[PDB]
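S.K.: Residue numbers (PDB author numbering), protein chains in the order written: chain E, 32 to 141, 150 to 185, 188 to 309, 312 to 323, 323A, 324 to 396, 413 to 503; chain C, 32 to 141, 150 to 185, 188 to 309, 312 to 323, 323A, 324 to 396, 413 to 503; chain A, 31 to 141, 150 to 185, 188 to 309, 312 to 323, 323A, 324 to 396, 413 to 503; chain F, 521 to 664; chain D, 521 to 664; chain B, 512 to 663.
For each residue, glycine too, the CB sits at the ideal point set by N, CA and C.
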Amino acid sequence: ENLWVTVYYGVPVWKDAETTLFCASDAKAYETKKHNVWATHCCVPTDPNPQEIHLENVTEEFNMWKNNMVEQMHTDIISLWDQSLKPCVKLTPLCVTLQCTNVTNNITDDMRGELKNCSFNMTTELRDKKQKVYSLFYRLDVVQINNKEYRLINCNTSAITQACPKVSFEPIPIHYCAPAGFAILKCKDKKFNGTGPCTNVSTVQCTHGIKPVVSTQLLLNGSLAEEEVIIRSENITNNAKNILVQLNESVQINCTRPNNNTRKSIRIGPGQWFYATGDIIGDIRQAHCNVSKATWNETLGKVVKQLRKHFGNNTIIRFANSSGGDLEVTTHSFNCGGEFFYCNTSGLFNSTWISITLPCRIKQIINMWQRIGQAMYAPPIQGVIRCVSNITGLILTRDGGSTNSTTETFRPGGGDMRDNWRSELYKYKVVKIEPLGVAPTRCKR
Amino acid sequence: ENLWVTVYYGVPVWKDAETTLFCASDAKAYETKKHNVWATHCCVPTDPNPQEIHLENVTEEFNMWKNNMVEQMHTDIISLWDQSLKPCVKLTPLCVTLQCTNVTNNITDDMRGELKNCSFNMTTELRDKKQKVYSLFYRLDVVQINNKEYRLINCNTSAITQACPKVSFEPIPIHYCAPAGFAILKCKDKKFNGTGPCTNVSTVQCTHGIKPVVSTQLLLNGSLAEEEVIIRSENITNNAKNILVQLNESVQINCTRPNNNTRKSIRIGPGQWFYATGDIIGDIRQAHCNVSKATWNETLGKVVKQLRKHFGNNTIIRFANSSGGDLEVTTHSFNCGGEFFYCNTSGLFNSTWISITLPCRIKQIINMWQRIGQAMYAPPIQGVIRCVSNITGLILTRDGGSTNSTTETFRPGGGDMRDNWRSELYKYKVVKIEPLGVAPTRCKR
Amino acid sequence: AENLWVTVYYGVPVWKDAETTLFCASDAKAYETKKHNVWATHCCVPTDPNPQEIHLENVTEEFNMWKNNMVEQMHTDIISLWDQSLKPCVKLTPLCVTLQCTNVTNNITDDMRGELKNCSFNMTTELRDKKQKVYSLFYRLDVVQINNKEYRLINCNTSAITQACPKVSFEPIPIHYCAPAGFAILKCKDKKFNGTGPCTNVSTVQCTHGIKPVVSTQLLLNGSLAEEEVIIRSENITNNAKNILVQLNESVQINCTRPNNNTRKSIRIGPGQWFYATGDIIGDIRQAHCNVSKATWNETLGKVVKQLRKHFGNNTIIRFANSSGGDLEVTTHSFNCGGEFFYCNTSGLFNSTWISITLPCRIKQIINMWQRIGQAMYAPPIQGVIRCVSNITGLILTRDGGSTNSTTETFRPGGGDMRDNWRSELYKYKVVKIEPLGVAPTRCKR
Amino acid sequence: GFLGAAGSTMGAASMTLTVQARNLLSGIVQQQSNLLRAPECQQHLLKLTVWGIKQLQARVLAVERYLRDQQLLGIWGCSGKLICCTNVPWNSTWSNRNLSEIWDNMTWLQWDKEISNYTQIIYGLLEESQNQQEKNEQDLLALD
Amino acid sequence: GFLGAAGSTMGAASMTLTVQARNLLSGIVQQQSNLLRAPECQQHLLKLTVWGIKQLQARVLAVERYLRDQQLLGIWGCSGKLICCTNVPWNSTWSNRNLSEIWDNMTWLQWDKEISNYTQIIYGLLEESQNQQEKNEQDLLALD
Amino acid sequence: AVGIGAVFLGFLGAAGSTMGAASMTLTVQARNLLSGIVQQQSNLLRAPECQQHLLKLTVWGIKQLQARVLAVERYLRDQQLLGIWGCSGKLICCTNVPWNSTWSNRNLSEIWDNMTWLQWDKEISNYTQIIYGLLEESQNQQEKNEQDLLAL
Ligand SMILES: *[C@@H]1O[C@H](CO)[C@@H](O[C@@H]2O[C@H](CO)[C@@H](O[C@@H]3O[C@H](CO[C@H]4O[C@H](CO)[C@@H](O)[C@H](O)[C@@H]4O)[C@@H](O)[C@H](O[C@H]4O[C@H](CO)[C@@H](O)[C@H](O)[C@@H]4O[C@H]4O[C@H](CO)[C@@H](O)[C@H](O)[C@@H]4O)[C@@H]3O)[C@H](O)[C@H]2NC(C)=O)[C@H](O)[C@H]1NC(C)=O
Ligand SMILES: *[C@@H]1O[C@H](CO)[C@@H](O[C@@H]2O[C@H](CO)[C@@H](O[C@@H]3O[C@H](CO[C@H]4O[C@H](CO)[C@@H](O)[C@H](O)[C@@H]4O)[C@@H](O)[C@H](O[C@H]4O[C@H](CO)[C@@H](O)[C@H](O)[C@@H]4O)[C@@H]3O)[C@H](O)[C@H]2NC(C)=O)[C@H](O)[C@H]1NC(C)=O
Ligand SMILES: *[C@@H]1O[C@H](CO)[C@@H](O[C@@H]2O[C@H](CO)[C@@H](O[C@@H]3O[C@H](CO[C@H]4O[C@H](CO)[C@@H](O)[C@H](O)[C@@H]4O)[C@@H](O)[C@H](O[C@H]4O[C@H](CO)[C@@H](O)[C@H](O)[C@@H]4O)[C@@H]3O)[C@H](O)[C@H]2NC(C)=O)[C@H](O)[C@H]1NC(C)=O
Ligand SMILES: *[C@@H]1O[C@H](CO)[C@@H](O)[C@H](O)[C@H]1NC(C)=O
Ligand SMILES: *[C@@H]1O[C@H](CO)[C@@H](O)[C@H](O)[C@H]1NC(C)=O
Ligand SMILES: *[C@@H]1O[C@H](CO)[C@@H](O)[C@H](O)[C@H]1NC(C)=O
Ligand SMILES: *[C@@H]1O[C@H](CO)[C@@H](O)[C@H](O)[C@H]1NC(C)=O
Ligand SMILES: *[C@@H]1O[C@H](CO)[C@@H](O)[C@H](O)[C@H]1NC(C)=O
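Given below as structure tokens:
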């Protein structure tokens, strides 16, 4: 009875919103590595002791499949990548006819025909002079013209830029921070499937650090589930969707390139250098990855159990290797040690439910963001490379199309980088704060 | 008197001002035209229901010859043009000696010697190879060296860029909108000749849609006068000022390029293509435009009566062809179907007061804004081109020369692009809002 | 209980030291119908025709020229202006070819023997299908032997050399640096201000005095003078790793010339690109040189010694030496008279022990500015004969350091980065940020 | 904590309104000036033209929204207050329930969701009421 | 409507002060929110470095001009009001018209031209009056 | 003869005056922070050619734009504090926070007649945050008390 409208400013309420997030990192943690693309362009430091405010009795709706934080992360990674490569040597002078022969010196049968020894006429500083040089190329980067004449694979389609020889692409944790006027809500519910209401919601200033690891089929160095393996998808029934599986216990994978390479610096113009592969010291052997067999077998058993909960207790689940298509999506991709390893995962997905050595190949000329027209040439890395990584999740697709769903088949998939992000950002949402509110009171002016 | 100063905020007062206006095109008009230069760089949606607030008892002074909106439109259109051609193929590799002969196959007399067949040595995807190619050129794009050897006309002035073939330049109406804090006032007066007060004015947030048509001598696809032909000039007296004539009726002009041309693509380097004109399929005939004779004769007579009001009643009024100079000013010029036409208008302006076929020539190398250091190469357009346009106005120059015995002669003029803009922006003015003011009242604290 | 209360005041006249971005202004008439000018075109903002200064009576601020951020800003801005002016120009990559060179032996004085070379080469034309044989003259300093007729331009094994656009003048004009609102520039008016310390007679200004961005390496040209005494200003006078940065109280003049009458040969090299080559020299060939008056130079050097001794003693020996170490940028006096780059030998100015003079000069065309190697500039030839007279207003000297702690100490001409020339003119100014909010006790309460 | 009161009841949350009001501007200044400690960050980040423009757009907009809300409070006669009481009666249509249920044992998030689309009506009413009050004051001060 | 009062007399026009005051900022925010309806050129237009800078300059300046007027009202002691009376007497030299010819028979556009030459004088007087008033209150409150 | 008259010669003319005398110029040092910005921008209209040129320098454009935005943000921050403390709209504001002799132990005649503002803010520098916190607490109490009186 006789209540009046009052106005309150500073009311703690919010709405869903899309804004620009700032990139921040732990400055001490870069340890002077200012040549790391991720550190130099995410220069602003994070605050020590990031705070988290639990919000008692606050329920909020999260949806990882429509989360614009993913789209923004995707766009910014591509942008930084391109800026990193902008101020560097172009290899258009390198798109010449090559005269190639086989590398046959102390080479295993397992790589016969894998490497080619190519000689060519390339420029020098003075326009008037030319020089004869050679380099060993991986077969995947070289294409036959009309059996000794070859060209680099991208001479018809795109320009090639050599990656900057001092720049590191090693992932570091990156934190996304809200601008003032916005807040990030974090879902800490266990067994959260990505789309439902979240009971335990807290407010943070910045996200935890996420390493921008680039990979296909398997997800490396991500977060683990704490209770059990969690299977998330936009739509389970629809076989056109990717299924993201988060493991609770990691699987360790040991990868190497055993060949001892010597890099050769070639002058190509005034102030311009090209880095060639030189020659190999010692025997030539295949690059490969080792996955503990028992651990992998246990890991699938857990994944299968969770799939059965959604697909039926008497449903047979089969794993199979990937379908044909571009190398970039049919195989696993590491980007480790500075070399681009493309690994054959069929040994991991060959079972029916009801150490494993994976051979790998190296490719130097690549198109990371599925774009056509901008190719990067990775300079050679000297010496022997070894990487030990954590498998934290999988991207699977289901074939569908079976008769009466008698059995189901799953295969490694992914390749759309957005899903690598969605696997880490599913717990976060960005909201706008709207401080002005109205309510009745027992007062009059 | 016993009065005091009272301060008021929100007073409806404005002053003449110069600000930056923003571009907004209709949203539905966007369709899928991400490749249309006007839609892609001005997608900001307009208000579906622009408002007009008529101001009773307001009589503001307008001066179209000293506006700011005109200069901004000129500056912005040039910038958008330059940014559309930026990420495109450079044709530097085509500035070679050409070996040319005449195209003599099924040529009517009208084009004998107009079109040439040129072969040349051009680069290809590998630096070690060359290819022999040929294409057809119009004689204005090719200049003789010292006798079958020719070069492109722009080789001794500037590098030429090929416009990207997917990009459309077809005019899309755009609206200029004031930023908050500013307002656009518009005249509604009929028979308003510029440079003076308007009796009926209104406030709008955006201008009407204006098509950014680039043309000379005649103005195409503009607004029509409501009642009478209106002659506007900065100084009707001065022979150095252009006369802009706005018509109340519209003369329809039918333009065509009857030849059935073929486009051919030649690879010139990695990722780059040159689009050349290939053999013509049918007979070779000249481009031309048709103007109905009777309609033109009546239209011109109306213009003459209005000139007769400014000049003496017994004046002999004559029309004549343009004086010499660059093709861009001596002939009519427009972009039809994407190709550039230059037409001979001496058939329209050859009379004394007391169907007309205009032959046209096509040119591919364009210096569109009269800037010596830049040039653009128009890709050929496959097939037969036809368009129909509305002649809404004229640009005339009084020949002057202090000719005695009242025999004024008018000749088509043009070339200052600002004058096309001035025919649409003449009714608008930009003012700023200045909310504070004071006045005496009998109120004291 | 005393009953004093907190009162908040806004508009309090106080400030704190701060670093901000100042804007670059010029004189609205400094245009002089001249826009091709590297300074005037970018520092285009006109200034106030009637600048004002506010004397702050009873203010004693501390100024420190060695930590003055205004200097750092000019260093960054001058480099940027330089780089953004050479941007829309000819790249001259077609000139990195083998040259066939012989000595210029026609009408050569002995001092010019071997100084100039006549080089012929095959470069591009308007059409990519045609080459042309052209020739030009080059100074020896810019041409190196390829392993004795084949030569190349000196920077082919480092970087691209762009051509400065021939219309742009680099002649320094006064520049005024102005504070953004909320900031103010405090100026020290102490007639004998030493630097690094308290200054009485502090004034507030909106913009600095006009400063000409003159670039030189040993003698400081066309700056301000001290008014009463020669002043020696250093960060640490006893540290031989520092610079003595002498400022004089009277100017002296140096008369420089490039006596040869040159012509310029304009060559098309591509579709809208032109190269400017040095053509044949008219008349005979003589070396560039600069004059100073001997007595005048002795007198100002003697003044420096009297002041320098104040830090070392009245029974010490001050010796001047001709300086040493590094390439020409730090061994000679560089100054760009008329647009050509002169590198003058100053040993004749520092040959005395305290207890007319002709300086020979060399000309270089390929210039590495600001001690960088990433980019080089080609200076187009200037036709006719070049002459100017400049005002020497200061010196950059260093001390060798003592050895055996003997009576004699040696002061040798220095060199260094551009920052010291800037410190020479900006020693008087400091930037502060105004902070209008504050609190003090009163006797009032709500 | 900044949204710590989100789960508190309306009449409890109202005890700490000042912190939300402060964060809107103080966060901007600290993030742009105090957080940006390493001078090389700005020097390098200025080379990323697009990031530079996007970040400015975000700051400028935050200011524009702040000012729009302050202008609105000023128009309504609530300038300078976090708590403002005005002479516009509460309509049961907007919400028909007891003032016990509304102020206490219910949070602000819930409240905002319930008022929903009635917000625009209320704002128009508040603006007219203040104009009437200003005119009345001006007339009284002219009577002596 | 906005500026619909331009032809009204000064008295009648005082009823629309709210309309003109709101547009100074509300148009800025709405103009920015409108582009969210076509996100594709929000991204494309960031490539037009020149347009990016010009639009931000336009927005920044609009804010600066708005704030300058608000600061000035604050200095005069009129913060928070659209209409405020002061203690500065009206000078017949500024204008010698009757109130019957000012608040009627004349518009604000006409008036502004009529007294344009005295704007700075009036503003200076307003500032001095407020300074004296604040000092007087400070002293009065110290006599408690 | 000195001390007679309160005229200062310009914008920071009162900087060397005592704290009491300097109160006479509070308006001068307030307007400048904002009106200076507008005039500096207005002045660029004296050279339209300069404005066109400056838009060609991306870095200069952005750096100046950042400076303007930051200046505005600092201005607003301080204005918000005056709002929070209940001093909005005033150049001089009396509050209910008592003065602590700990922060500074001086007589009022000593402060207002012998100290200048440039000295005062050094002596009281260590208590700035304390005082601001107290001012906020005081205003929070006052607003809730007013609401209860209106309710009664
Ligand atoms: C310390 O401070 C001193 C004093 O300011 C400064 O010395 C002065 O330097 C400037 C710049 O080098 C000198 O100015 C030049 O002087 C020559 C001399 O010409 C005289 O004779 C001709 C007739 O033959 C007269 O017409 C003329 O007025 C003189 O009396 C001028 O020729 C120069 O003009 C050209 O360059 C200008 C650059 O901006 C152009 O604006 C101008 O239009 C001219 O260019 C045209 O002609 C060129 C030559 O043919 C051609 O190459 C161009 O393409 C174009 O067609 C200019 O006015 C000034 O005289 C010096 N004064 C003294 C006393 O020395 C020091 O340089 C400074 N020190 C340092 C280290 O910075
Ligand atoms: C998942 O997360 C793991 C970490 O938990 C990542 O694995 C690490 O990856 C980094 C980067 O590739 C490895 O760092 C490198 O280690 C080399 C080890 O060499 C040792 O022995 C030589 C002997 O001569 C010594 O000289 C040397 O100091 C070491 O003791 C270093 O040689 C490397 O430095 C060289 O290369 C870099 C290239 O950027 C240059 O900048 C350096 O100057 C130098 O030339 C470098 O430090 C690290 O060892 C890996 N650890 C493990 C356990 O594997 C995975 O990569 C990540 N997974 C994915 C997919 O990203
Ligand atoms: C004054 O105003 C008039 C009227 O708007 C302009 O004349 C029009 O100009 C446009 C652009 O040149 C013409 O559009 C073209 O029409 C061709 C014919 O299309 C027929 O078939 C389609 C179905 O396939 C029907 O929808 C259509 O109505 C016709 O019956 C198309 O083939 C063209 O498409 C090709 O070119 C465009 C642009 O390069 C590409 O984007 C397409 O992918 C494709 O390759 C195009 O749509 C239009 O027909 C003209 N009107 C008339 C009556 O002829 C004047 O140009 C304007 N004057 C000036 C100076 O600006
Ligand atoms: C246009 O009309 C005005 C009056 O409306 C008149 O003064 C002027 O002379 C006319 N002529 C032109 C072309 O301005
Ligand atoms: C003058 O500068 C020197 C630096 O060599 C410093 O030691 C000395 O104290 C300064 N003089 C004064 C009065 O500050
Ligand atoms: C060069 O020397 C010759 C003598 O061999 C002389 O005739 C000539 O004049 C000299 N040069 C010029 C251009 O004067
Ligand atoms: C207004 O909000 C109420 C909330 O209960 C909702 O039921 C109603 O549909 C909304 N009105 C409109 C037009 O959306
Ligand atoms: C215009 O003048 C008439 C005079 O009768 C007046 O009635 C009308 O209200 C005026 N217009 C406006 C907007 O006040």
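Taking its Cβ as the centre, do 16 or more other Cβ atoms sit within 10 Å of residue 339(E), making it buried, or is it exposed?
M.R.: Residue 339(E) is exposed by the Cβ-count criterion.
S.K.: Please determine whether the Cβ atom of residue 325(A) lies at a distance below 7 Å from any heavy atom of ligand 6.
M.R.: yes
S.K.: Residue 72(C): which of 224(C), 107(C), 388(C) sits nearest, CA to CA?
M.R.: Ranked by Cα distance from residue 72(C), the first of 224(C), 107(C), 388(C) is 107(C).
S.K.: Please list the terminal residues of the continuous beta strand (DSSP E) segment that includes residue 155(C).
M.R.: For residue 155(C), the uninterrupted beta strand (DSSP E) segment begins and ends at 154-162.
S.K.: Give, in chain order, every residue of the stretch 596-617 of chain B whose Cβ lies closer than 9 Å to some Cβ of chain D.
M.R.: Hits within the stretch, in order: 599, 600, 601, 602, 603, 604, 605.
S.K.: Beta-carbon within less than 6 Å of residue 297(A)'s beta-carbon, same chain only, minus the 5 sequence neighbours each way: which residues are those?
M.R.: 444
S.K.: What do you get for residue 343(C), buried or exposed, if any count of 16 or more other CB atoms within 10 angstroms of its CB means buried?
M.R.: Residue 343(C) should be labelled exposed.
S.K.: What are the boundary residues of the beta strand (DSSP E) that includes residue 654(F)?
M.R.: No beta strand (DSSP E) holds residue 654(F); the alpha helix (DSSP H) holding it covers 639-660.
S.K.: Determine, using beta carbons only, whether residue 565(F) comes closer than 8 Å to chain C.
M.R.: no
S.K.: Locate the alpha helix (DSSP H) running through residue 422(E), then write down its first and last residues.
M.R.: That residue, residue 422(E), is in no alpha helix (DSSP H); it is neither H nor E in DSSP.
S.K.: What does DSSP give as the partner residues of residue 35(E) in its beta bridges?
M.R.: Answer is 499(E), 609(F).
S.K.: Residues of chain E with a CB under 8 Å from the CB of residue 662(B): which are they?
M.R.: 499, 500, 501
S.K.: Helix, strand or coil for residue 12(C), going by three-state DSSP, please let me know.
M.R.: Absent from the model: residue 12(C). The displayed extent of chain C is 32 to 503, so no value can be given.
S.K.: From this set, 434(C), 328(C), 227(C), which residue's C-alpha is nearest residue 419(C)'s C-alpha?
M.R.: Residue 328(C) is the option with its Cα nearest to residue 419(C).
S.K.: Are there 16 or more other CB atoms within 10 angstroms of the CB of residue 240(A), so buried, or fewer, so exposed?
M.R.: exposed
S.K.: Per DSSP, what are the beta-bridge partners of residue 374(E) in this structure?
M.R.: 385(E)
S.K.: Name, please, each residue of chain A whose Cβ falls closer than 7 Å to the Cβ of residue 652(B).
M.R.: The premise fails here: residue 652(B) is roughly 12 Å from chain A at the closest Cβ pair, so nothing lies under 7 Å.
S.K.: Buried or exposed, going by whether 16 or more other CB atoms sit within 10 Å of the CB of residue 544(A)?
M.R.: A query on residue 544(A) cannot be resolved here, the shown segment of chain A reaching from 31 to 503 and no further.
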